[PDB]
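Peer 1: Partial complex follows, first chain(s) only, in situ:
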Amino acid sequence: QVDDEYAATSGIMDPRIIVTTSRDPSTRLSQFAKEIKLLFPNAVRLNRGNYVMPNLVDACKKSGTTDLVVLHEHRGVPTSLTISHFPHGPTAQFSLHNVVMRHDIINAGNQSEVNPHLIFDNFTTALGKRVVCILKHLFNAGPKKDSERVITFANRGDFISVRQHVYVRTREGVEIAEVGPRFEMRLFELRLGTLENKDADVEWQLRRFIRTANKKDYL
């Protein structure tokens, strides 16, 4: 269920999201950030250049935005996303591994922009419930039950495959089609304060160099 720093405005209020790049982004990162801001609704994009992160965080959390997605690249290919929830909430920061984007591949039309449905596959641990809550409180509460776009966060051994599909329901089953960016993201750090400081207490971060590292998942 909804945990202790999201329970005040769980389904009362729509979110408000900023999507912004690292610093002087490449063009494929700008395309990627546009894809992320029209992946999830009531998100707008902000041109980070010459923005300091403390006064960016302060301007967001006094303008009333709920959360921030900061994107980091490597020569076009985007490599990280940090989700910072602003009312002194958590930052989950992820690395992105297999990114294929529609601006790269195909003019297949335009997207759908409906409040989507959400699939979460085997987030079994309490850290899984934590990352489910932080990933789905950046979506709009209560879609229509005939909304025809779904997105999926499927855990596959600590690598969250992230896709987006549109569907109709035909006579013999259901026919699916792939819209938007596919990923495997993986959480390398949670912490409990916002993005400004890095003096916040860590709820989880992966231990790469312990000798029992590759024995368990959500270690």
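Peer 2: In hand now; what should we look at? Numbering: from 1, shown residues only, chains lettered A, B, ... in the order given.

Peer 1: most remote residue from chain A's center?
Peer 2: residue A:171 (34.1 Å; C-alpha atoms, centre = their mean).

Peer 1: Wait, a strand at it?
Peer 2: No - under DSSP: H, G, I helix; E, B strand; the rest coil, residue A:171 sits outside any strand and is assigned coil.

Peer 1: ok, the spatially closest residue to residue A:112 that is not a sequence neighbour to residue A:156 distance?
Peer 2: The shortest distance from residue A:112 to any non-neighbouring residue, by C-beta to C-beta, 6 or more residues apart in numbering, is to residue A:149 (4.7 Å). Where C-beta positions appear, they are placed from N, C-alpha and C, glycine not excepted. Distance, residue A:149 to residue A:156, using C-beta to C-beta, to the nearest Å: 22 Å.

Peer 1: wait, what's in contact with the residue nearest to residue A:112?
Peer 2: By C-beta atoms under 8 Å, 6 or more residues apart in numbering, residue A:149 lies in contact with A:111-112, A:114, A:116-117, A:164-167, A:179.

Peer 1: swap the cut-off to 7 Å and go again
Peer 2: Contact analysis of residue A:149 by C-beta atoms under 7 Å, 6 or more residues apart in numbering lists A:112, A:114, A:116, A:164, A:166, A:179.

Peer 1: what bridges to the fifth one?
Peer 2: Translated: residue A:166. residue A:149, residue A:177 (DSSP bridges).

Peer 1: For it, list the residues it contacts.
Peer 2: A:112, A:148-149, A:177, A:179.

Peer 1: could you redo the last one with a cut-off of 10 Å?
Peer 2: Residues counted as contacts of residue A:166 (C-beta atoms under 10 Å, 6 or more residues apart in numbering) are A:111-112, A:114, A:116, A:147-150, A:175-180.

Peer 1: from the residues you listed, which is closest to residue A:40?
Peer 2: Nearest to residue A:40 among those is residue A:116, at 8.2 Å by C-beta to C-beta.

Peer 1: Which residue comes closest to the residue nearest the centre of chain A once chain neighbours are left out?
Peer 2: In chain A, the residue lying closest to the centroid (C-alpha atoms, centre = their mean) is residue A:135, at 5.7 Å. In this structure, residue A:135 finds its nearest non-sequential neighbour in residue A:153, 5.9 Å apart by C-beta to C-beta, 6+ apart.

Peer 1: Let's add chain B too:
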Amino acid sequence: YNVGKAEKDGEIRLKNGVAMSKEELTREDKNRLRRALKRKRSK
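Peer 2: With chain B now in place:
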């Protein structure tokens, strides 16, 4: 005072204040009004 529903089942009174009688109205308007209050009874 406000316009309620009809008091007998031989007529209907719309909220407008105009009224039809079941026998008097044509069958095309009976289909139309059945469809209309079906939607009004569906929302």
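
Peer 1: try the contacts of residue A:149 again now we have chain B.
Peer 2: Residues near residue A:149 by C-beta atoms under 10 Å, 6 or more residues apart in numbering or on different chains: A:111-117, A:143, A:164-167, A:177, A:179-180.

Peer 1: And those residues, which is closest to residue A:124?
Peer 2: For the contacts of residue A:149, the nearest to residue A:124 is residue A:117 (21.0 Å; C-beta to C-beta).

Peer 1: one step back: out of the contacts of residue A:149, which are buried?
Peer 2: Neighbour counting over the contacts of residue A:149 (16 or more other C-beta atoms under 10 Å in any protein chain shown) leaves A:115-117, A:143, A:164-166, A:179-180 as the buried ones.

Peer 1: List the ones among the residues you listed that fall in helices.
Peer 2: Of those, none are assigned to helices by DSSP state H.

Peer 1: Report the beta-bridge partners for residue B:21.
Peer 2: Under the criterion used (DSSP bridges), residue B:21 bridges to residue B:11.

Peer 1: Could you count how many residues lie near residue 16?
Peer 2: Defaulting to chain A. 16 (other C-beta atoms under 10 Å in any protein chain shown).

Peer 1: could you do chain B instead?
Peer 2: Using other C-beta under 10 Å, residue B:16 is surrounded by 7 other residues.

Peer 1: residues contacting it?
Peer 2: Contacts here follow C-beta under 10 Å, 6+ apart; on that basis residue B:16 touches residue B:3.

Peer 1: picking that back up, looks to me like the residue nearest to the centre of chain A is in a helix.
Peer 2: Yes - counting by three-state DSSP, residue A:135 is found in a helix.

Peer 1: Format the buried ones among the contacts of residue A:149 as JSON lines; extra columns: distance to residue A:91.
Peer 2: Shown next, in JSON lines, are the buried ones among the contacts of residue A:149 (distance: C-beta to C-beta, whole Å):
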{"residue": "A:115", "distance to residue A:91": "25"}
{"residue": "A:116", "distance to residue A:91": "24"}
{"residue": "A:117", "distance to residue A:91": "26"}
{"residue": "A:143", "distance to residue A:91": "26"}
{"residue": "A:164", "distance to residue A:91": "24"}
{"residue": "A:165", "distance to residue A:91": "28"}
{"residue": "A:166", "distance to residue A:91": "31"}
{"residue": "A:179", "distance to residue A:91": "28"}
{"residue": "A:180", "distance to residue A:91": "24"}
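
Peer 1: can you add chain C next? sequence is:
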Amino acid sequence: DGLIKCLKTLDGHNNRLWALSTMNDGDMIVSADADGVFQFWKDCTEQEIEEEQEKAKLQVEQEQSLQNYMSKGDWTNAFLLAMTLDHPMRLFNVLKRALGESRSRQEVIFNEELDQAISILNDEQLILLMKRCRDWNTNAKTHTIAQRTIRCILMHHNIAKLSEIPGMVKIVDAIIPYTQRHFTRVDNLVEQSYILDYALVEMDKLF
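Peer 2: So that you can see how it sits with the rest, here is chain C on the chains above:
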């Protein structure tokens, strides 16, 4: 009670019943007795469906008559047939058409034959007419027809009769405040109709 086969239960009596003598001519008069009280049930289905089918025949004749009157003009006998059949949308149409042609041509507000036909209708007919006028007066569109019909009822009937008809206060209390609402609206229309007079005094000051 007595029941028949299953349908058509009978009222019976208050208590128990050891009696059924139904065996007159075909199955004529039936007799059924409680402890003391008798019952003598009448006949076969031979006229209570005949009077129903002949009132169906009469109704389908006068409906066609009303359609012919509504087509060819002739609003007075159309009005009284719509009042007899209780066809309220057709009643609104005959009153609206007759009122519009009354504004067209030229003490009297409809034509004289129709408002005499309104003047000679009885209590239950004028209570359903004033119920129709009641729920037409809730529009701001269909309210003028209601006001003309209310006015001819008021000036062609007896006011003591109209008051002592049972049911004519739950209608006139329903439609006093709607007429007051319309009086306020049309009076404000007359109020803001004087921009024409102001524009005329400016157009005359122009030289």
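
Peer 1: The contacts of residue B:16 with chain C there, same question as before?
Peer 2: Listed by C-beta under 10 Å, 6+ apart, the contact set of residue B:16 reads B:3, C:135-136, C:138-139, C:141-142.

Peer 1: And these, which of them are buried?
Peer 2: B:3, C:135-136, C:138-139, C:142.

Peer 1: Which pair of the residues you listed spans the longest distance?
Peer 2: Farthest-apart pair in the buried ones among the contacts of residue B:16 is B:3 and C:142; separation 11.4 Å (C-beta to C-beta).

Peer 1: list the buried ones in the longest helix belonging to chain C?
Peer 2: The longest helix of chain C (DSSP H) is helix C:50-72. Neighbour counts using 16+ other C-beta under 10 Å place C:63, C:66, C:69-70 of helix C:50-72 among the buried residues.

Peer 1: Not counting its own residues, what contacts that helix?
Peer 2: So helix C:50-72 is contacted by B:23-24, C:47, C:74-82, C:84-85, C:87, C:90, C:93-94, C:97 (C-beta under 10 Å, 6+ apart).

Peer 1: Residue C:113: what's it in contact with?
Peer 2: C:74-77, C:79, C:98.

Peer 1: Looks to me like it is in a strand.
Peer 2: No - assigned with three-state DSSP, residue C:113 falls outside any strand and is helix.

Peer 1: Contact partners for the most centrally placed residue in chain B?
Peer 2: Nearest to the geometric centre of chain B sits residue B:12, at 4.0 Å (C-alpha atoms, centre = their mean). Residues near residue B:12 by C-beta under 10 Å, 6+ apart: B:5-6, B:18-22, B:25, B:33, B:37, C:88.

Peer 1: repeat that for 8 Å
Peer 2: B:5-6, B:19-20, B:22, B:33 (C-beta atoms under 8 Å, 6 or more residues apart in numbering or on different chains).

Peer 1: Give me the buried positions along stretch C:124-143.
Peer 2: Buried residues in stretch C:124-143 (16+ other C-beta under 10 Å): C:126-139, C:142-143.

Peer 1: Nearest to chain B among these?
Peer 2: residue C:138 (3.8 Å; C-beta to the nearest C-beta).

Peer 1: where do the helices sit along chain A?
Peer 2: Counting by DSSP H, the helices of chain A are A:27-37, A:53-63, A:102-105, A:126-136.
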